[PDB]
Amino acid sequence: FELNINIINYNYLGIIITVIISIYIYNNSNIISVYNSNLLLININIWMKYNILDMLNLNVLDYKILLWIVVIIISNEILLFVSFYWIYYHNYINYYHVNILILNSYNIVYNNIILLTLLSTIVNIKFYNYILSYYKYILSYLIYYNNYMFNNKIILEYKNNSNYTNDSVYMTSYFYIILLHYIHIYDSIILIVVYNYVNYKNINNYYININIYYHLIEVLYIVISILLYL
Amino acid sequence: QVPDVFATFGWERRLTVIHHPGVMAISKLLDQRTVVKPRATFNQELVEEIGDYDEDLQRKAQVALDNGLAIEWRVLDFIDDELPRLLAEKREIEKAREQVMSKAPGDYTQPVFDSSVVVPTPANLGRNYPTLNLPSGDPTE
Amino acid sequence: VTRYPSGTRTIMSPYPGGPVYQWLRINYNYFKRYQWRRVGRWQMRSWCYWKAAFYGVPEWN
Amino acid sequence: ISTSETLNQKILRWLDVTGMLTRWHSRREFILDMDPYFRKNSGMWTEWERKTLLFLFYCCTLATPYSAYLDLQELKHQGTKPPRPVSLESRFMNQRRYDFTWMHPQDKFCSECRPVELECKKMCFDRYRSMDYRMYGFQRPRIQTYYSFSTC
Amino acid sequence: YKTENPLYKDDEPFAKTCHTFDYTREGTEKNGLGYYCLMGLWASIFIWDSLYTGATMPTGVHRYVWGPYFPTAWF
Amino acid sequence: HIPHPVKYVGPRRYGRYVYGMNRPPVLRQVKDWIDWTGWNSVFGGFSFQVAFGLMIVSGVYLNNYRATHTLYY
Amino acid sequence: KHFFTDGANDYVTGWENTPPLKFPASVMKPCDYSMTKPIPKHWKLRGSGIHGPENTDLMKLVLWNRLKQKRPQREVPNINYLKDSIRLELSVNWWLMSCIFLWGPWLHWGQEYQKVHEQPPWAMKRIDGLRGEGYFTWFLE
Amino acid sequence: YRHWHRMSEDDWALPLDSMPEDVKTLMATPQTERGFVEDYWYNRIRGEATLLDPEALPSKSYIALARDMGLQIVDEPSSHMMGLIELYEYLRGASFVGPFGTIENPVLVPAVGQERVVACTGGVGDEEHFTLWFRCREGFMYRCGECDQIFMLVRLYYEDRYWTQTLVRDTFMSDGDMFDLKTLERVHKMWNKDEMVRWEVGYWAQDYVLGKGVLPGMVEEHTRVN
Ligand SMILES: CCCCCCCCCCCCCCCCCC(=O)OC[C@H](COP(=O)([O-])OCC(O)COP(=O)([O-])OC[C@@H](COC(=O)CCCCCCCCCCCCCCCCC)OC(=O)CCCCCCCCCCCCCCCCC)OC(=O)CCCCCCCCCCCCCCCCC
Ligand SMILES: CCCCCCCCCCCCCCCCCC(=O)OC[C@H](COP(=O)([O-])OCC(O)COP(=O)([O-])OC[C@@H](COC(=O)CCCCCCCCCCCCCCCCC)OC(=O)CCCCCCCCCCCCCCCCC)OC(=O)CCCCCCCCCCCCCCCCC
Ligand SMILES: CCCCCCCCCCCCCCCCCC(=O)OC[C@H](COP(=O)([O-])OCC(O)COP(=O)([O-])OC[C@@H](COC(=O)CCCCCCCCCCCCCCCCC)OC(=O)CCCCCCCCCCCCCCCCC)OC(=O)CCCCCCCCCCCCCCCCC
Ligand SMILES: CCCCCCCCCCCCCCCCCC(=O)OC[C@H](COP(=O)([O-])OCC(O)COP(=O)([O-])OC[C@@H](COC(=O)CCCCCCCCCCCCCCCCC)OC(=O)CCCCCCCCCCCCCCCCC)OC(=O)CCCCCCCCCCCCCCCCC
Ligand SMILES: CCCCCCCC/C=C/CCCCCCCC(=O)OC[C@H](COP(=O)(O)OCCN)OC(=O)CCCCCCC/C=C/CCCCCCCC
Ligand SMILES: CCCCCCCC/C=C/CCCCCCCC(=O)OC[C@H](COP(=O)(O)OCCN)OC(=O)CCCCCCC/C=C/CCCCCCCC
Ligand SMILES: CCCCCCCC/C=C\CCCCCCCC(=O)OC[C@H](COP(=O)(O)OCCN)OC(=O)CCCCCCC/C=C/CCCCCCCC
Ligand SMILES: CCCCCCCCCCCCCCCC(=O)OC[C@H](COP(=O)(O)O)OC(=O)CCCCCCCCCCCCCCC
Ligand SMILES: [Zn+2]
């Protein structure tokens with residue numbers, strides 16, 4: 001027989017990661033922060049390596065445990081956006097009569113909605129192929145093109161906007177809510193860059209996580225679009 | 001008298017049950033995929049549906065149906081050449097089934113038949129069929 | 001029934017097509033299968049994130 | 001022109017120049033278009049799954065050009081955004097407790113300019129250049145550079 | 001022999017055991033007529049509010065053929 | 001989940017494609033495809049845009065035309 | 001379905017609480033001995049009596065759940081199951097179609113009208129002398 | 001069991017490359033001296049040699065047939081040990097529910113060691129009480145202080161070892177007549193002739209007996225690039 005769980009006795013990434021966090025506080029140059037971020041990325045990858053190596057234990061509950069962890073993380077991301085919506089709507093009584101130019105409801109909203117919908121369709125096709133034990137090379141490069149356009153559009157919008165964060169709480173909330181969504185789009189790039197075909201298929205937690213996360217980002221933008229643009 | 005046996009499954013995680021020794025012998029025999037072969041029997045309706053996906057197989061499948069042949073798919077690709085042997089094989093198998101079934105209980109003598117036309121058997125182990133997955137037509141025509 | 005090389009002959013029309021059409025059909029088929037898919041095969045095999053996780057781990061006996 | 005085919009057949013043929021329609025109507029053509037490693041699993045697919053997958057795939061790819069057209073128009077719109085009236089500094093507008101330095105904690109470039117206030121930075125970079133300190137940007141006319149989306 | 005195409009076969013039933021799953025009496029499988037009535041009312045209220053702006057500020061003059069305590073007056 | 005039969009009642013096979021001969025009209029083919037893949041996805045997908053579009057475009061009459069003809073001052 | 005559930009959508013291990021309905025009750029049956037008749041007093045307990053593999057039905061359930069994992073062909077589900085598996089995918093695709101072919105046309109029309117008349121076609125024209133497009137979603141005014 | 005993961009490819013069969021190259025010694029090794037891989041191929045080579053000889057099967061007794069395939073004849077001792085193994089494995093990830101324990105029929109608590117923690121929850125319905133945990137050690141008839149339910153520890157122990165499927169086989173299975181390599185050759189020629197190899201394990205096994213790389217195509221079969 002064997003123990004139900006193969007215990008993990010020792011770990012040293014925790015110390016390294018925690019020290020990396022402290023380096024952000026104790027920096028005397030923003031250049032150190034940039035290089036420190038690479039270290040954090042490296043060590044987080046090692047932690048992800050340990051999760052993949054745990055497959056050797058053949059434990060049925062490992063998939064379930066990680067899936068429910070992601071559910072909790074998703075909830076935290078939703079509640080973080082709720083706080084920004086809370087901040088935005090608290091000062092609702094002070095909006096729409098101040099001498100600032102709010103965003104148009106015709107151009108930005110439509111193309112972004114169309115663009116992000118295509119992103120969902122690409123990920124949906126990836127899920128379908130994952131169900132069918134099949135792969136299509138071009139799909140990943142469609143995501144990169146999709147992400148390239150999103151970055152190009154958002155950069156221009158910020159640069160050409162004629163109002164600034166210090167003009168009103170409305171502008172601050174607009175910029176902040178849009179940035180928060182962008183950061184979650186960038187986190188999606190971090191995840192999707194490693195998409196590959198793995199032959200153990202439906203016992204791979206990465207596929208279900210990516211599908212859930214991409215759907216969350218897109219639905220959040222619908223709420224943002226209704227609140228700010230429409 | 002048939003003794004009961006332990007049957008185990010799995011390599012590292014092993015599950016054991018009691019089973020019939022004869023059933024296990026049949027089970028392992030059917031695992032000899034090169035010896036014991038699945039064979040297909042068609043009906044007219046199914047043959048017609050095949051044409052929707054492979055016109056050549058429909059014609060070859062129709063020949064098998066018209067002669068009431070239980071045929072392996074690999075052999076079906078060569079039914080034009082194998083037909084005379086397949087008809088002979090069908091008769092010999094039927095003869096063997098009749099003899100063994102009709103024999104009195106306790107009589108386990110081998111049936112009398114021409115094994116040279118039955119494949120796979122020690123007398124005839126089959127032909128080395130070449131692959132037919134090559135194109136013959138010129139795209140520009 | 002004549003079997004043509006995969007992806008080279010259309011089934012939509014009895015006419016194979018004109019010289020330009022045939023060139024486009026044949027060369028896209030080649031570019032996809034033997035040029036573009038190099039990149040995909042290279043990323044899938046030589047740069048697999050999950051393979052890199054087991055690098056240096058002993059073989060499973 | 002070719003009279004060996006109907007008009008519908010001719011239209012379908014050209015729409016099939018990349019083989020999309022042929023792969024849709026032939027299971028054999030579709031599976032052989034897969035790479036050998038994945039062709040191993042093709043036998044398990046139902047026709048409902050196969051054609052449904054192509055439908056989702058074709059709708060996505062066919063819609064990509066439309067999104068590209070929208071994005072190009074968006075880039076052109078931003079490339080020639082009309083100027084807007086200068087904001088009157090109202091009661092609660094442009095309030096500052098400290099200079100803007102979170103981007104450059106040590107260098108403190110353009111402390112008076114906001115993080116993405118390009119015109120303010122341009123004039124600030126010019127001062128630094130006039131003080132013999134190089135700075136990158138805001139020097140090339142927009143119509144003389146590529147990818148500006150501002151050309152006539 | 002005769003066969004049935006698997007694609008068009010019916011769904012398999014839940015097994016009948018001590019632990020039997022049954023959704024037949026729940027009435028949660030699909031939206032019912034009540035849901036579509038709520039949608040109809042929402043459309044009606046949306047149209048009505050826009051068409052007749054003075055509906056929320058009704059007239060106070062009361063004229064009843066059979067007085068105010070007659071049922072038709074109440075509605 | 002309530003077990004229930006497959007509601008598709010259209011043709012199950014058109015036959016082998018032979019240069020597009022002996023095949024139904026295009027509109028009938030579109031109807032068959034949606035029957036095969038389910039109308040529930042069509043209604044659900046289009047429901048949101050139809051509701052939003054009708055509400056916005058109804059204002060052309062409800063908000064613009066009626067208001068001009070109905071202003072007691 | 002996308003999400004994994006131990007009870008119903010258990011694709012990680014493929015465990016099923018009950019056997020397929022195909023098998024006759026004699027071959028295999030659901031593990032239910034709630035209806036067992038009272039045990040005669042003269043019978044003596046030989047086994048543990050503990051719920052587990054000593055019961056025939058549970059042993060067969062465990063055996064089948066391991067040996068079902070290899071099958072010669074696919075067990076084709078009906079179209080209802082296949083629809084449900086990609087319900088979200090199909091609906092998102094139709095939502096994209098609706099955005100392109102329904103939202104796009106009237107949004108383009110509104111902007112063109114706005115150009116000529118200073119306000120969207122679904123808005124009351126102002127008489128207060130303020131310039132600009134004004135609101136878009138009229139019913140939220 | 002429900003707590004096991006998916007069957008691996010090896011759970012069905014092993015690759016031929018795992019066949020021991022010294023087949024002559026493999027077929028002469030006693031069962032107690034064969035490892036997991038050696039035992040697997042001994043049974044498969046000997047089992048398939050008898051099954052691929054149809055003319056001899058009808059005259060072969062079930063005892064001999066079971067021996068050739070490596071199947072263990074069940075008896076009360078072996079059945080008892082195997083049954084308690086499966087019960088222990090099942091309880092790893094399953095609930096522990098059964099009849100109320102009494103002196104005549106104590107609750108059986110399988111264990112490998114000398115101790116295992118157990119809880120008593122009383123009888124059914126109203127007789128059920130709060131969990132009362134205790135350490136069930138070997139050699140004592142435990143009595144719950146609340147409901148008076150009787151528990152007993154059963155140890156899966158045998159001669160300085162704990163019961164396992166292999167241990168049961170070694171203890172009770174008896175090696176029969178030594179396998180004759182002539183049978184391997186005779187069956188090999190029956191199903192392998194003129195480039196047709198329908199008995200591939202025997203083809204490899206016969207090649208190893210003749211050394212290695214003697215039969216046609218075996219040199220090319222054994223040459224690898226990495
Ligand atoms: C006489 C010729 C007439 C030609 C007319 C023009 C036709 C152009 C079609 C371009 C379609 C691009 C679609 C992009 C989305 C991704 C597609 C995809 O999934 O590809 C998979 C495909 C194979 O992927 P895989 O993983 O191996 O296989 C996956 C599947 O299993 C198997 O995949 P699959 O085989 O099912 O793929 C189906 C299909 C799925 O996608 C579609 O079917 C979408 C179709 C959309 C049509 C868009 C047309 C745009 C035209 C606009 C013109 C505007 C003019 C304005 C004028 C203004 C005047 C004032 O994908 C493709 O076929 C993609 C195109 C393949 C070409 C690759 C070679 C390089 C480019 C060659 C271009 C040649 C143009 C010649 C023009 C001549 C004119 C006389 O990917 C590749 O081949 C590799 C990457 C390259 C693909 C994209 C190439 C873009 C080329 C654009 C050309 C048009 C530019 C117009 C500019 C106008 C400026 C004003
Ligand atoms: C912003 C403005 C608007 C922009 C819109 C942009 C739209 C982009 C759409 C792109 C669509 C791509 C379509 C690809 C079609 C491929 C088939 C084809 O044509 O193959 C022919 C042929 C095939 O030969 P083959 O395969 O050997 O066939 C021999 C067989 O034996 C015989 O076999 P066969 O008979 O089957 O082969 C021949 C057959 C092949 O074709 C077919 O039968 C077609 C069947 C499939 C059709 C499926 C649909 C295709 C997509 C339609 C897209 C519609 C776009 C609508 C845009 C509206 C914009 C308002 O028939 C044809 O060749 C007919 C071609 C019809 C072309 C129609 C062009 C319409 C242009 C409209 C312009 C409007 C401008 C308005 C300005 C307003 C200003 C206020 O080879 C080529 O494709 C030739 C390539 C070389 C072309 C050279 C062009 C030189 C142009 C010089 C311009 C100089 C300008 C100077 C200016 C100076 C100023 C001062
Ligand atoms: C007006 C126009 C504009 C509208 C804008 C709308 C904006 C919406 C924003 C949404 C953002 C995106 C979020 C979802 C992203 C993923 C989408 C996705 O993949 O969907 C397809 C996919 C469909 O799944 P499937 O298995 O294929 O289903 C097939 C069929 O649909 C049939 O499936 P089935 O019915 O057979 O069931 C299987 C499936 C069915 O489930 C789903 O499919 C879920 C679909 C959800 C879609 C989102 C709809 C909106 C939900 C609103 C919930 C509000 C909560 C209450 C807030 C109170 C505030 C005061 O089950 C699961 O997948 C289980 C998932 C785990 C659920 C964990 C829930 C934890 C929280 C429980 C409540 C806590 C409060 C208790 C209070 C009482 C205390 C006594 O969904 C998933 O698989 C997603 C599951 C993973 C993400 C779960 C996230 C849970 C977050 C919990 C937050 C709790 C906060 C509590 C405190 C709050 C107050 C302080
Ligand atoms: C004499 C005077 C005469 C006067 C005459 C006047 C005439 C007036 C006519 C008025 C007519 C009124 C009619 C009322 C009755 C309606 C009856 C009806 O059919 O109701 C039900 C009908 C449909 O409901 P249903 O029957 O339940 O739907 C059936 C489904 O198939 C159920 O099946 P299912 O559940 O399987 O459905 C599929 C489902 C299956 O689910 C799954 O597969 C499982 C997973 C579900 C959870 C998903 C989680 C998240 C997924 C992530 C992926 C996201 C992708 C997109 C990403 C975008 C990124 C940007 O999945 C989905 O549907 C969701 C996924 C698809 C994509 C979702 C996209 C985002 C949605 C959320 C945002 C929505 C807002 C967007 C706004 C724009 C953009 C910002 O409801 C409506 O249509 C709503 C009623 C609207 C009433 C409006 C009334 C006002 C307007 C009046 C206009 C006319 C006035 C003109 C002036 C007149 C003056 C006199
Ligand atoms: C500031 C805001 C936040 C951003 C800053 C960094 C935050 C870093 C926090 C990261 C938390 C990660 C939690 C992960 C939990 C889920 C893990 C999981 O399921 O992984 C396994 C899953 C599947 O593996 P299998 O072997 O198939 O199965 C596993 C065993 N059954 O694998 C994956 O998810 C693959 C992930 C690959 C991509 C990894 C990329 C890591 C990115 C780290 C970002 C760090 C950026 C730091 C920036 C600092 C300066 C701003
Ligand atoms: C015997 C009876 C025959 C009757 C025939 C009736 C034929 C009716 C044909 C109606 C055609 C209507 C076409 C409308 C197209 C409008 C396209 C348009 O506006 O494109 C722009 C817009 C994007 O522009 P942006 O600048 O980005 O602005 C919006 C976002 N910022 O793009 C789109 O709208 C793309 C979507 C195209 C929609 C096409 C609609 C086609 C409708 C055809 C109907 C045919 C009916 C036939 C009935 C037959 C009865 C026998
Ligand atoms: C190889 C190089 C690759 C580079 C490109 C690819 C990687 C990109 C990585 C993601 C980048 C995401 C950037 C997010 C921050 C964006 C900042 C921004 O735009 O801020 C301005 C925008 C609007 O401002 P205005 O200029 O007034 O707008 C008027 C319009 N004309 O919003 C703001 O001002 C808010 C700024 C919030 C910034 C938050 C970012 C985190 C900064 C942390 C600094 C901490 C320093 C202290 C020490 C600790 C170090 C960890
Ligand atoms: C945490 C915040 C969440 C967001 C805020 C939610 C607030 C509201 C939530 C309500 C519940 C939503 C789900 C409803 C589901 C549903 O439709 O549920 C549908 C059900 C019927 O169920 P079935 O049809 O499925 O059997 O409908 C009902 O039970 C009630 C609605 C039917 C119509 C009611 C009519 C009201 C009449 C009012 C007066 C009109 C006067 C007209 C004069 C001419
Ligand atoms: Zn007790």
Side-chain angles (χ1 to χ4, degrees), chain A residues 104-121 123-124 181 211-212 214-227 229-230, chain D residues 63 66-67 69-74 77, chain E residues 27-52 55, chain F residues 27 38-63 65-66, chain G residues 1-3 83-112 137 139:
Chain A
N104 187 17
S105 56
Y106 285 85
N107 305 321
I108 295 170
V109 63
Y110 182 69
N111 56 38
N112 275 329
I113 292 293
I114 293 292
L115 182 66
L116 294 177
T117 302
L118 279 172
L119 187 63
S120 188
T121 54
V123 171
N124 289 329
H181 180 255
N211 189 270
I212 290 161
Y214 266 85
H215 290 354
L216 164 69
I217 299 158
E218 289 142 0
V219 190
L220 282 163
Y221 192 79
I222 286 281
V223 170
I224 296 167
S225 71
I226 289 157
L227 276 154
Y229 296 103
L230 311 181
Chain D
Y66 177 69
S67 62
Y69 170 84
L70 298 180
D71 297 330
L72 174 60
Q73 296 298 338
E74 179 59 20
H77 168 81
Chain E
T28 45
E29 183 63 42
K30 221 68 66 178
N31 293 336
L33 181 56
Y35 168 84
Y36 299 110
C37 288
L38 178 65
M39 299 301 101
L41 180 57
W42 169 28
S44 301
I45 289 281
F46 180 94
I47 293 164
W48 184 260
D49 195 5
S50 312
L51 280 173
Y52 296 110
Chain F
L27 293 156
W39 269 99
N40 69 295
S41 57
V42 170
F43 293 142
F46 274 81
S47 55
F48 312 99
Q49 219 62 65
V50 171
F52 182 64
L54 287 174
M55 292 169 65
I56 294 288
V57 178
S58 58
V60 172
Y61 175 82
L62 288 175
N63 194 37
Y65 175 87
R66 283 277 290 177
Chain G
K1 302 180 181 166
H2 291 238
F3 201 78
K83 288 169 168 179
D84 301 334
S85 309
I86 57 163
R87 196 188 292 173
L88 189 276
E89 308 185 342
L90 287 164
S91 56
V92 171
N93 189 65
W94 293 120
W95 153 265
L96 177 59
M97 298 306 107
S98 75
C99 301
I100 296 163
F101 289 92
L102 297 183
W103 187 13
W106 71 253
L107 194 59
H108 173 257
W109 172 62
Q111 211 163 17
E112 290 289 341
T137 167
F139 55 82

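A, B, ... follow the sequence lines: proteins, then strands. Residue 1 opens every chain. When a ligand or atom number is given, it counts from 1 through the structure's own listing order. All values below were derived from every heavy atom in this structure, side-chain atoms included, with hydrogens, water molecules and symmetry-related copies excluded.
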When only distance counts, is [X] in polar contact with ligand 8, meaning an N/O pair under 3.5 Å?
X: E:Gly34; answer: yes
X: E:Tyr35; answer: yes
X: E:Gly27; answer: no

Geometry only, no angles: is [X] polar-contacting ligand 4 at N/O separations under 3.5 Å?
X: G:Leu88; result: yes
X: A:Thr117; result: no
X: F:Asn40; result: yes

* Asked: To which of A:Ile222, A:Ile224, E:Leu38 does the heavy atom nearest atom 79 (C) of ligand 4 belong?
  -> A:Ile222
Atoms of ligand 4 close to [X] [distance to a heavy atom under 4.0 angstrom, numbered from 1]:
X: A:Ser120; result: 53 (C), 55 (C)
X: E:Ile47; result: 8 (C), 10 (C), 95 (C), 99 (C), 100 (C)
X: A:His215; result: 52 (C)
X: F:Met55; result: 90 (C), 91 (C)
X: F:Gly44; result: 30 (C), 31 (O), 37 (O), 63 (O)

* Are E:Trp48 and E:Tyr52 close enough that their ring centres sit under 6.0 Å apart? -> yes
With heavy atoms only and a cut-off of under 4.0 Å, state how [X] meets ligand 4: side chain, backbone, both or neither.
X: E:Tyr35; value: side chain
X: A:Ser225; value: side chain
X: E:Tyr36; value: side chain
X: F:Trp39; value: neither
X: F:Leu62; value: side chain

* Asked: Under 4.5 Å between any side-chain heavy atoms of G:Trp95 and A:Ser120, yes or no?
  -> no
* For ligand 8, does E:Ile45 get within less than 4.0 Å through its side chain, its backbone, both, or neither, judged by non-hydrogen atoms? -> neither
* Taking both backbone and side-chain atoms of G:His108, is any N or O found less than 3.5 Å from an N or O belonging to ligand 6? -> yes
* **Minimum-distance protein heavy atom relative to atom 35 (C) of ligand 8** => E:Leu41 CD2, 3.7 Å
